[PDB]
Each structure stands twice: as C-alpha cells, then as structure tokens.
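Peer 1: Pasting in a structure now, in structure tokens, and then I'll have a few things to ask.
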Amino acid sequence: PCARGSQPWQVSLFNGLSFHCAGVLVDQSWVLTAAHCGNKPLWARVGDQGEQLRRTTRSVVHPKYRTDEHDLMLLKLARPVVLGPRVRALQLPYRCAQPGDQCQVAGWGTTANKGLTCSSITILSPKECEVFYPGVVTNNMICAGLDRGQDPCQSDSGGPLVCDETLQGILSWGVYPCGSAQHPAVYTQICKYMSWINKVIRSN
Ligand SMILES: [Zn+2]
C-alpha cells in the first residue's frame, strides 16, 4: 500500500542508533510527535543515507503534559529541511475532523525492511471509545477506527493521522494488542492545539 511519493511529511525519529517514534514535518525546521517519545536526545530522518538527515535541538513538550495526557512534543531540527517534492511539511488543521470522516495512517511496521503501508481509518466519536476504554477522558482526543482485518500494529508511535491531506492527530495509545482491528487507537486531536503549535514554531 502507500503509493511512492505520498507522505513527504513522514518522519522517523531515532534515539542512539535505535528507532523510537514517528513524527510529522509541520515546518521546515519543526517536527511534531507524542510527548511520551521525549526520553531524548533524538534525531530525525525525513522524507519518502536517508534522503535528509537532521537532528533535534529544541524539544518543547506541551506544558499540560492512566495514560499520557496532552502528549505532544515539538522537535526543532538543527538545520532546516530543503523543501522538495520529496520532503514537504504537512498542512496543519484549519478545522476539526468529524466522526465518520475517512482518514489515513501510514506506518513502517515498528511495534511488530522498512517501507510504508497506508490504512484508511474512520473517525469514531468521543463516545464509543469510552466503550473500549471506560474511564477515558476524550475531549482533546480522536479515536480512529481501523477497518477489520487490518493489523493495528503497523502504525508506529508519534505517527500522523491525515484527513484530506490535513494532520488531524498524533498517535497517543491504543495500538496494542496486535492482531485485531476491533479496538480503535487514541490520537491527540491536533485542531485543539493550534494556539500552542503555532506559538513554539514561531510560525505565528
Ligand atoms: Zn503517550
């Protein structure tokens, strides 16, 4: 799946020589990922050796960061990306995606060489995720239903949820157990964080 050249904003984050999290390129100098990936230090391979390698300097965890709540972290790249056909930022949400929308998640298969697979996903409502996770606070989350027969563990951690070539979410938890699509994952709802994201990026 996942046609070649799509997902130019896909980012793999490494600690040491080891894989850690995925992330999105939201600016030529900025990558966004889950705060729970902030063990640190990290470095970012961008684009879909490696097309462009960079490392991070500033790592801004959301101030408001049971599961991780408000887990969002902005990684600053040492040197800016050169925006190509190959590597581009992902447009940030100007709007919130509603339950029922068809979205997409691309993943390399960590949490189970390389290569990206695309799976379509259905926004569920912050209601029937309380069924799978009774006691969850949603409000700032979107639960993404994966279609049956799909292995949830093909996503990564920090990976993007794209809807209509917008970034609506960063994967927080809800991937395990592998082997069943029946449970939805839990993404940070990114259209609720725009005030903060634009402020640390200084992108206004
Ligand atoms: Zn987390």
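Ligands are numbered from 1 in the order shown, residues from 1 within each chain, and chains are lettered A, B, ... in the order they appear in the structure tokens.
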Residues within 9 Å of stretch 31-46 of chain A, please, as a ChimeraX atom specification. Count only C-alpha atoms; anything in the same chain fewer than 2 positions from it doesn't count.

Peer 2: /A:8-16,20-29,48,50-57,59-62,65,68,70-77,81,87,89,157-160,170-172,188,197

Peer 1: May I have the selected residues written with C-alpha atoms, as a PDB file, in the first residue's frame?

Peer 2:
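File written: again39.pdb
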ATOM      1  CA  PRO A   8       6.568  13.544   2.188  1.00  0.00           C
ATOM      2  CA  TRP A   9       5.975  14.732   5.775  1.00  0.00           C
ATOM      3  CA  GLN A  10       6.653  11.286   7.285  1.00  0.00           C
ATOM      4  CA  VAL A  11       9.498  11.421   9.834  1.00  0.00           C
ATOM      5  CA  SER A  12      11.325   8.629  11.669  1.00  0.00           C
ATOM      6  CA  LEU A  13      12.900   9.607  14.993  1.00  0.00           C
ATOM      7  CA  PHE A  14      15.891   7.733  16.355  1.00  0.00           C
ATOM      8  CA  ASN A  15      17.462   7.612  19.808  1.00  0.00           C
ATOM      9  CA  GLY A  16      21.033   6.381  19.654  1.00  0.00           C
ATOM     10  CA  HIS A  20      11.958   5.469  18.777  1.00  0.00           C
ATOM     11  CA  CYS A  21       8.947   7.254  17.321  1.00  0.00           C
ATOM     12  CA  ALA A  22       7.384   8.597  14.202  1.00  0.00           C
ATOM     13  CA  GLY A  23       6.588  12.271  13.746  1.00  0.00           C
ATOM     14  CA  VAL A  24       5.340  14.778  11.239  1.00  0.00           C
ATOM     15  CA  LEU A  25       7.067  17.639   9.496  1.00  0.00           C
ATOM     16  CA  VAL A  26       4.887  20.634  10.277  1.00  0.00           C
ATOM     17  CA  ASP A  27       7.544  23.195   9.284  1.00  0.00           C
ATOM     18  CA  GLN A  28      10.906  23.074   7.544  1.00  0.00           C
ATOM     19  CA  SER A  29      12.556  23.274  10.993  1.00  0.00           C
ATOM     20  CA  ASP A  48       9.830   9.297   1.499  1.00  0.00           C
ATOM     21  CA  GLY A  50      18.248   8.559   4.012  1.00  0.00           C
ATOM     22  CA  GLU A  51      17.083  11.427   1.925  1.00  0.00           C
ATOM     23  CA  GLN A  52      17.665  14.036   4.566  1.00  0.00           C
ATOM     24  CA  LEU A  53      19.020  13.513   7.990  1.00  0.00           C
ATOM     25  CA  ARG A  54      18.718  16.008  10.721  1.00  0.00           C
ATOM     26  CA  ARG A  55      18.950  16.157  14.474  1.00  0.00           C
ATOM     27  CA  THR A  56      16.904  17.922  17.040  1.00  0.00           C
ATOM     28  CA  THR A  57      17.904  20.703  19.407  1.00  0.00           C
ATOM     29  CA  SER A  59      12.247  19.799  22.222  1.00  0.00           C
ATOM     30  CA  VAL A  60       9.143  21.517  23.563  1.00  0.00           C
ATOM     31  CA  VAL A  61       6.783  19.232  25.405  1.00  0.00           C
ATOM     32  CA  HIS A  62       3.268  20.558  25.826  1.00  0.00           C
ATOM     33  CA  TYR A  65       1.697  17.057  29.603  1.00  0.00           C
ATOM     34  CA  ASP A  68      -0.254  10.069  28.774  1.00  0.00           C
ATOM     35  CA  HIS A  70      -1.700  16.050  26.296  1.00  0.00           C
ATOM     36  CA  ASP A  71       1.205  14.067  24.866  1.00  0.00           C
ATOM     37  CA  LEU A  72       2.526  16.361  22.147  1.00  0.00           C
ATOM     38  CA  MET A  73       6.124  17.386  21.657  1.00  0.00           C
ATOM     39  CA  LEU A  74       7.644  19.766  19.130  1.00  0.00           C
ATOM     40  CA  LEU A  75      11.114  18.798  17.908  1.00  0.00           C
ATOM     41  CA  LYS A  76      13.252  21.523  16.381  1.00  0.00           C
ATOM     42  CA  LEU A  77      15.607  20.416  13.608  1.00  0.00           C
ATOM     43  CA  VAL A  81      14.761  20.860   5.650  1.00  0.00           C
ATOM     44  CA  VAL A  87      10.025  16.234   1.580  1.00  0.00           C
ATOM     45  CA  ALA A  89       5.593  19.945   5.593  1.00  0.00           C
ATOM     46  CA  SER A 157       4.180   5.940  17.751  1.00  0.00           C
ATOM     47  CA  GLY A 158       4.025   9.610  17.108  1.00  0.00           C
ATOM     48  CA  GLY A 159       2.743   8.818  13.648  1.00  0.00           C
ATOM     49  CA  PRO A 160       0.293  11.093  11.892  1.00  0.00           C
ATOM     50  CA  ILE A 170      -0.770  12.246  16.610  1.00  0.00           C
ATOM     51  CA  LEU A 171      -0.962   8.659  17.879  1.00  0.00           C
ATOM     52  CA  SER A 172      -1.023   8.555  21.678  1.00  0.00           C
ATOM     53  CA  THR A 188      -4.230  13.613  20.063  1.00  0.00           C
ATOM     54  CA  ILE A 197       1.807  24.698  17.978  1.00  0.00           C
TER      55      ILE A 197
END

Peer 1: Excluding residue A:153 and any residue of its chain fewer than 4 positions from it, enumerate the residues within 9 Å of it, using only C-alpha atoms, and give them as a list in words.

Peer 2: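 Within the cut-off, the hits are residues 107, 109, 110, 111, 112, 175, 176, 177, 178 and 179 of chain A.
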
Peer 1: Counting only C-alpha atoms and all ligand atoms, which residue out of A:142, A:69, A:200, A:148 sits closest to ligand 1?

Peer 2: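 For ligand 1, the nearest of the given residues is A:69.
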
Peer 1: Would you please work out which residue, of A:101, A:156, A:165, A:147, is nearest to ligand 1 when using only C-alpha atoms and all ligand atoms?

Peer 2: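 Between A:101, A:156, A:165, A:147, the residue approaching ligand 1 most closely is A:156.
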
Peer 1: Using only C-alpha atoms and all ligand atoms, which of the listed residues (A:79, A:66, A:4, A:58) sits closest to ligand 1?

Peer 2: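 Result for the nearest residue to ligand 1: A:66.
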
Peer 1: For ligand 1, which residue among A:18, A:91, A:67, A:49 is the nearest when counting only C-alpha atoms and all ligand atoms?

Peer 2: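 Under the stated criterion, the closest residue is A:67.
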
Peer 1: Let me make sure I understand: among A:185, A:194, A:106, A:201, which one has the smallest atom-to-atom distance to ligand 1 if we use only C-alpha atoms and all ligand atoms?

Peer 2: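 For ligand 1, the nearest of the candidates is A:185.
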
Peer 1: Per DSSP on the backbone, filter stretch 42-195 of chain A down to the residues in strand (DSSP E or B) and report them as a ChimeraX atom specification.

Peer 2: /A:43-46,52-61,73-77,102-107,117-123,141-146,160-163,166-173,185-189

Peer 1: Could you check which of A:90, A:124, A:118, A:186 is closest to ligand 1, using only C-alpha atoms and all ligand atoms?

Peer 2: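 The answer is A:186, which sits nearest to ligand 1.
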
Peer 1: Have a look at atom CA of residue A:187 and atom CA of residue A:143 and let me know their distance in Å, one decimal.

Peer 2: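 The value is 6.1 Å.
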
Peer 1: For a test of reading the model, state the distance in Å between atom CA of residue A:88 and atom CA of residue A:146, rounded to one decimal.

Peer 2: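 That distance, rounded to one decimal, is 26.2 Å.
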
Peer 1: Tell me, which residues of stretch 87-156 of chain A carry DSSP alpha helix (DSSP H), written as a VMD selection string?

Peer 2: chain A and resid 129 to 132

Peer 1: Could you give me, as a PyMOL selection string, the residues within 7 Å of residue A:180, counting only C-alpha atoms and dropping anything in the same chain fewer than 3 positions from it?

Peer 2: chain A and resi 149+151-152

Peer 1: Excluding residue A:132 and residues on its chain fewer than 3 positions from it, collect all residues at most 7 Å away from it, counting only C-alpha atoms, and give them as a CSV table (one decimal) with C-alpha atoms, in the first residue's frame.

Peer 2:
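Saved result, selection_2.csv, follows:
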chain,number,residue,atom,x,y,z
A,128,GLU,CA,-17.8,4.7,21.6
A,129,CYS,CA,-14.1,5.0,22.6
A,183,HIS,CA,-10.1,-1.8,19.1

Peer 1: Which neighbours of residue A:164 fall inside 10 Å, counting only C-alpha atoms, when residues of the same chain fewer than 3 positions from it are skipped, and could you give them as a list in words?

Peer 2: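 After dropping sequence-adjacent residues, the list is residues 93, 97, 101, 102, 103, 104, 167 and 168 of chain A.
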